[PDB]
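What follows is a single chain, given as structure tokens, in the form deposited in one PDB entry.
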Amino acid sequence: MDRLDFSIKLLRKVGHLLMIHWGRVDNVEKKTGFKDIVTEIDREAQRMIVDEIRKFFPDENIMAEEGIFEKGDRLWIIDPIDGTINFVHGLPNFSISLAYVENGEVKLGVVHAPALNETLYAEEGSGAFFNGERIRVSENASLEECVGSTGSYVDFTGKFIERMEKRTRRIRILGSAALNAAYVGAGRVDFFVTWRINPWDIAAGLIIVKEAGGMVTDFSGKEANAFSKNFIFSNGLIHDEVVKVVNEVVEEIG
């Protein structure tokens, strides 16, 4: 609809800005932390997205990973570049994420991968889409036929792949959280695990997976909410299995 179409068009527009500097970034500093990085393109992409929202939705709030941090019953969650590292290195797996939350709940989410021309999205009650076509989670009911995936987390990823690679086809590490979550919704992977990360980071992939028919919970199997920190996105069919094994990795890591 209105807000959704606006988002798709907006992220595709800004997506071209990132394409100009893709792989050719000069200023790269380690943002809030030490593991990840951030660039001047990050903020410039955010500024472009933020100016447009404020333009058509003046009385509404915004919340970026770095910079703007507001709260309201009409809130936009922006992540100018998810997979900054990939972006900087020239890997195509990076995306722009945008979610619209109203009255505390996610009403719609969009994830756009400039270099892959992949715009995945969904608005609650309307299903999940991918560049115009409907997407649904997979029907792979057992791990022997599943391709899972996870993020790069110290002490977690290695031991997680350690235990999982044995019971699945493959485990992928792509480098863009939002996209990977949307991929479960697209049905390209059967599950996606992401440890100790910011909750607002995946508001867009969450609604996409849920509208795609998937299941999203914390490492406890409990419905994923704004107070969860670890997330598990799946096709709902092999969730229990993934959850069990995830606690087996978190335990082993003390």
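Numbers follow the displayed sequence, beginning with 1. If you superpose the two forms and keep the largest set of C-alpha atoms that fall within 1.5 Å, you have the rigid core.
The form deposited in another entry is left out here; the points below concern that form.
With the core superposed, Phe227 shows a C-alpha displacement of at least 2 Å between this form and the one not shown. Annotation for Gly187: C-alpha shift under 2 angstroms between this form and the one not shown, rigid core superposed. The Cα position of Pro199 differs by 2 Å or more between this form and the one not shown after fitting on the rigid core. Cα of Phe227 to Cα of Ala203: at least 3 Å shorter in that other deposited form than in the shown structure. Compared with the form shown here, the C-alpha atoms of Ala226 and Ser97 sit at least 3 Å closer together in that other deposited form.
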